[PDB]
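Reviewing the structure listed below.
Counting from 1, the numbers follow the sequence of the chain as shown.
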Amino acid sequence: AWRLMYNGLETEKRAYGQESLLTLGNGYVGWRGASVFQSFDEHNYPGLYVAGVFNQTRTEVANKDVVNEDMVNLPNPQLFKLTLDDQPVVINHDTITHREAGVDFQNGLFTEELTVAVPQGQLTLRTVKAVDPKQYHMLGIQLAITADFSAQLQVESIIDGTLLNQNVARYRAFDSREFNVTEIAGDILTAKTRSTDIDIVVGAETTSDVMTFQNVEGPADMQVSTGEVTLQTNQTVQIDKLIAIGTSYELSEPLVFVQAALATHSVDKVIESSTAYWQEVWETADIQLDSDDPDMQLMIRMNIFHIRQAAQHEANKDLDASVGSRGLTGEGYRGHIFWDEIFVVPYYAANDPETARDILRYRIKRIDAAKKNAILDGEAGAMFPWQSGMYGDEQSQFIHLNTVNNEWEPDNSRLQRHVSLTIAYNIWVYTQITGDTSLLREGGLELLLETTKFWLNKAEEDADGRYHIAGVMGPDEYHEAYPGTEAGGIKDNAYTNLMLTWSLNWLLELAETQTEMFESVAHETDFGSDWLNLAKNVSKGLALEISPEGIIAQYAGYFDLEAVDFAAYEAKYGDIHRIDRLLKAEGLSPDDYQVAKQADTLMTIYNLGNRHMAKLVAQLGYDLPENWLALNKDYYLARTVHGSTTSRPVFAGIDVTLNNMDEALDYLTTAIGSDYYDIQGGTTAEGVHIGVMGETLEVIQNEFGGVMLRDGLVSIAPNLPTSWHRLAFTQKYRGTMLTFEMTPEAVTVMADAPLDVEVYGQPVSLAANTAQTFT
Ligand SMILES: O=P(O)(O)O[C@@H]1O[C@H](CO)[C@@H](O)[C@H](O)[C@H]1O
Ligand SMILES: [Mg+2]
């Protein structure tokens with residue numbers, strides 16, 4: 001219900017995967033749930049990451065230098081080596097007799113309970129790991145050693161600065177050394193990233209009641225403290241290690257900061273700090289669902305836990321960072337920031353708004369780089385990268401090595417230009433839910449005006465007045481180009497033209513409702529009447545391709561592509577969620593076929609809802625049949641293989657609108673339990689899937705739960721499945737708290753301030769602390 005628990009030894013990617021979901025974090029650090037006794041091998045990967053600390057490596061492959069920006073795995077401060085009677089204690093899979101590890105979401109504490117068989121008996125080892133969310137540079141470890149015998153025990157407490165980035169198997173072909181150890185002085189190890197000039201300072205102190213630890217000279221690039229004690233029979237020995245993490249990216253003088261931090265904290269403080277923090281968090285952040293799924297309530301909180309570990313205002317207010325695709329739990333995609341933000345930003349805005357503002361600063365700070373990125377590709381305005389990191393330049397590869405013939409080929413990954421519209425969408429959602437216009441003033445409006453310049457300039461008017469957007473990719477990554485050409489990008493992706501149509505609407509609204517701010521920023525950005533006139537005509541003339549039946553084509557010419565025999569590919573190969581790689585193995589190109597990795601055209605409904613999207617299509621002068629949603633959903637689900645974890649929940653929310661309750665609960669159960677169950681084996685070995693954690697919470701609260709906040713008002717239209725006996729949670733809207741209790745036939749809502757809301761489309765006035773029930 002509250003504790004994610006594992007019992008028994010796992011191996012390989014299954015062992016890495018548990019480590020990912022057991023990761024503890026506080027916005028500033030991500031600390032992988034690995035055993036304190038192990039280093040990187042086939043069943044273990046210790047990982048420590050800091051928000052925004054990247055390194056660039058250069059690896060020469062095929063006469064070309066491949067530059068990779070890697071989120072740095074810090075020196076491992078948790079390593080412990082034991083010794084009995086000067087004989088080393090071997091802790092591996094052949095000597096561990098009992099193993100259970102887990103994270104208690106109520107207090108944020110990681111435990112690992114081990115029993116090791118040693119030549120003289122059994123060693124019982126229980127580890128508590130914690131992170132301080134207030135003194136967010138602080139970590140601490142509680143280690144308890146017990147033996148059913150007596151011998152001389154020497155404990156070695158190590159900061160291991162010899163490790164590399166080795167979490168992702170396919171990344172090991174590249175240079176994986178990320179820093180040089182510049183000094184080891186007493187409690188402190190200092191490193192400096194090889195190419196980004198970041199000083200990394202890792203300091204630690206190890207104490208106990210019944211032994212003294214002393215810093216000793218150790219192996220190269222390892223800081224070592226050593227203590228000796230005589231184990232009495234069935235007598236527990238308790239050891240505390242206080243760790244302080246600091247880098248020059250967020251601190252002006254990181255060495256002296258770590259020094260004062262070690263001398264002004266304790267493991268107990270960290271434990272109680274994490275304890276008090278989560279107890280306070282769960283007063284409002286919990287989402288209580290009593291249903292016929294016994295595991296469902298745990299994974300809902302697991303989602304809430306990992307999203308709040310990835311970013312929390314008490315730490316992130318001091319940081320220049322956002323939430324990566326894996327948060328801070330692993331090295332999958334090298335910690336880069338994706339458009340995945342769209343899956344967490346509305347959650348942060350609705351339940352913890354200051355953290356949402358913190359991570360939107362990351363994009364606002366990087367408008368300049370986006371403007372530099374637009375020039376580099378011959379574009380205008382601000383064109384945000386597909387993969388952003390330290391500087392905001394494009395960190396996706398431009399070029400890829402063909403594996404059949406050994407020659408370089410263009411890489412089209414960056415052509416998913418719609419990532420610019422997600423950033424703009426995320427500022428709108430935040431502005432709508434919080435009412436904090438100070439973000440728009442401090443870059444948010446400039447970001448919108450500069451990205452609008454990128455879209456408006458890229459647009460092409462035809463002879464009959466229609467505007468087109470070419471050379472782009474939609475969210476369906478399976479389609480990078482038209483059949484026949486090497487030029488990347490397709491034309492008039494429906495998701496892009498619609499999202500862009502929305503952005504011009506919101507821009508034009510801001511010019512009226514926020515005239516003072518608008519004219520100021522438009523003057524500073526040279527957004528004159530010419531640009532504004534272009535925006536108005538593009539908002540009316542963007543082109544879409546819709547068939548006579550009402551099917552909105554994914555992009556122009558999509559109806560001409562070939563069909564795929566999905567049932568044949570399924571029976572032949574098994575799973576088709578990588579049908580793109582199956583097609584390429586047969587010498588076939590996914591560019592030629594009607595198959596979708598994830599929601600593309602239907603992703604507009606996730607962002608805006610079907611009513612908003614229908615209004616946009618009509619605004620563009622197109623007529624849709626009254627049942628276009630079901631038709632388009634049916635059309636595209638039949639072509640979608642769910643190659644991404646974010647695919648199914650978009651269909652789930654649509655199914656709620658269509659009252660397809662069986663499929664809606666099915667797809668949501670599938671998606672929310674992907675990381676937890678891991679029936680395939682190791683899908684989270686490279687990092688937890690943060691986006692699907694926020695996306696499934698959206699299905700629970702905004703689709704099933706039927707709560708919307710982004711449309712200028714609170715809209716309450718719950719549609720619960722019969723198996724969901726009770727759904728309760730809170731929401732934040734412009735400083736007002738809202739509490740909800742929902743059953744399959746009634747909703748109860750209370751606001752701690754006066755609020756005019758809508759319930760099933762009917763206007764309702766809420767009085768402060770006076771709940772109402774709607775059956
Ligand atoms: O290729 P996968 O890892 O299966 O899914 C991809 O992951 C990206 C980052 O998480 C995300 O932005 C893409 O939409 C998604 O297709
Ligand atoms: Mg030495």
Side-chain angles (χ1 to χ4, degrees), residues 412 415-418 459-501 541-569 576 579-580 582-584 586 588-606 610 613-614 616-644 647 650-651 654 658:
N412 293 321
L415 292 180
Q416 272 195 83
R417 302 321 193 168
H418 59 83
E460 306 162 284
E461 178 178 33
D462 63 14
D464 287 327
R466 277 287 177 201
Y467 288 93
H468 309 265
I469 305 264
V472 303
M473 272 180 72
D476 168 26
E477 302 195 332
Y478 288 179
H479 286 97
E480 325 182 357
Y482 285 109
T485 167
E486 309 271 68
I490 39 82
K491 190 185 95 229
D492 285 335
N493 170 262
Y495 169 74
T496 290
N497 285 20
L498 287 172
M499 284 297 293
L500 165 61
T501 299
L542 275 167
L544 296 156
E545 177 174 339
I546 300 169
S547 80
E549 292 64 24
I551 307 306
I552 306 172
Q554 191 165 121
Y555 52 81
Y558 183 76
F559 294 135
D560 294 333
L561 305 192
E562 264 80 36
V564 172
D565 196 348
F566 289 108
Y569 271 91
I576 77 181
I579 202 170
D580 68 325
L582 288 168
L583 273 184
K584 286 167 180 206
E586 285 166 359
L588 294 174
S589 175
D591 282 358
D592 300 337
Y593 297 92
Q594 280 173 18
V595 47
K597 182 182 191 185
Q598 62 210 79
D600 191 325
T601 310
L602 298 170
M603 184 74 177
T604 319
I605 290 120
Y606 181 88
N610 69 288
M613 159 181 185
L616 299 172
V617 159
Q619 178 184 315
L620 300 180
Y622 294 114
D623 305 336
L624 286 167
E626 275 300 332
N627 50 3
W628 66 272
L629 181 56
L631 296 163
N632 284 269
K633 183 255 171 161
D634 289 351
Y635 187 89
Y636 281 110
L637 181 53
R639 294 147 171 89
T640 299
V641 305
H642 315 293
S644 100
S647 183
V650 182
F651 291 95
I654 297 181
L658 307 175

Rounded to the nearest 0.5 Å, what's the gap from CG on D580 to NE2 on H479? Could you check? 10.0 Å
Hey, are the side chains of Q598 and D476 touching, using non-hydrogen atoms and a 4.5 Å cut-off? no
Side chains of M499 and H418: closer than 4.5 Å at any heavy-atom pair? no
Validation row: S647, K597 side chains within 4.5 angstrom (heavy atoms): no
Between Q594 and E562, a side-chain donor and acceptor under 3.5 Å: no
Beyond-backbone contact of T601 with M603, side-chain heavy atoms, under 4.5 angstrom: no
All N/O donor-acceptor pairs, side-chain side in residues 484-493, below 3.5 Å, sequence neighbours left out:
| unit_1 | atom_1 | unit_2 | atom_2 | d |
| --- | --- | --- | --- | --- |
| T485 | OG1 | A487 | N | 2.7 |
| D492 | OD1 | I469 | N | 3.1 |
| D492 | OD1 | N497 | ND2 | 3.1 |
| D492 | OD2 | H468 | ND1 | 2.7 |
| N493 | OD1 | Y495 | N | 3.2 |
| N493 | OD1 | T496 | N | 2.8 |
| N493 | OD1 | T496 | OG1 | 3.0 |
| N493 | ND2 | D600 | OD1 | 2.9 |
| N493 | ND2 | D600 | OD2 | 3.1 |

Using 0.5 Å steps for rounding, measure from the OH atom of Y467 to the CG atom of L500. 12.0 Å
Pairwise side-chain contact, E545 with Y555, heavy-atom cut-off 4.5 Å (strictly under): no
Which distance, rounded to the nearest 0.5 Å, do you find between the CG of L498 and the CG of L616? 6.0 Å
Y606/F651 aromatic ring centres below 6.0 Å: no
With no hydrogens and no angle check, just 3.5 Å: does a side-chain donor-acceptor pair link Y569 and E586? yes
Heavy-atom nearest pair, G550 first then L624, reads O-CD2, 4.0 Å
Within residues 620-635 or reaching into it, pairs that qualify as salt bridge (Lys or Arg N to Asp or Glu O under 4.0 Å) - sequence neighbours excluded: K633-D655, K633-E663
